[PDB]
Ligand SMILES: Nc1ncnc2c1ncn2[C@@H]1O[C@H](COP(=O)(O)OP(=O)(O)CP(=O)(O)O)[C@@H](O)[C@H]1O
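Take a look at this one chain, the form solved without the ligand, written out in structure tokens.
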């Protein structure tokens, strides 16, 4: 059923290692900001009631498993673009000079002193071909997730989720609700926007 893009024999080249790290860093700041907007706060153990999460901290002070997973997700996004035959070029290195973090208001600060500082990408526009790549990355991200769940024994749940291995999101990406598609797209749009903000062109294959 799910056929994600095979990245197993795709190598991340040395020239993309820095932008891979910068993407993982900014995507964490955006994740923390979204959680804090939704009423989440720092706590030492994750609790979905109470809305407390231990990853509401600086990227450098994340626990190593979660820090590695964030770097992995960034590496796999770049490996997917390469595997799709996309053309990545660092056309404007000086775009990093005009690149600033947003200063969030004092109430975005958590009890451990962490406050998100995502990049100000307010002037960074994506053109339609980059938005088409965002849609492809989101569909592929769903297929990667679905393959990983299927390899752990999960099965389609008939409208109803059940923590013994049934999930209703085990459908083709096109059969998801539009809100689900939106949420998945919005994460990867800000990743592609982050690439363009550091002065990269990211163009579809011929």
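Rigid core (definition): largest C-alpha set, two forms, superposition within 1.5 Å. Positions refer to the first chain, counted from 1.
The form deposited with the ligand bound is left out here; the points below concern that form.
- Open site. The ligand, superposed from its pose in the deposited bound form, has no atom within 2.4 Å of any backbone or C-beta atom of the chain shown.
- Proximity to the ligand in the deposited bound form, taken as a non-hydrogen atom within 4.5 angstroms, holds for one residue of 49, 160, 152, 164, which is 160.
- Each of 35, 66 and 70 places at least one heavy atom within 4.5 Å of the ligand in the deposited bound form.
- The ligand is not shown here, but in the deposited bound form it comes within 4.5 Å of a heavy atom of residue 31.
- For residue 161, a C-alpha deviation of 2 angstroms or more is recorded between this form and the one not shown after rigid-core alignment.
- Relative to the superposed core, residue 37 shifts its CA atom by less than 2 Å between this form and the one not shown.
- Relative to the superposed rigid core, the position of the CA of residue 61 differs between this form and the one not shown by less than 2 Å.
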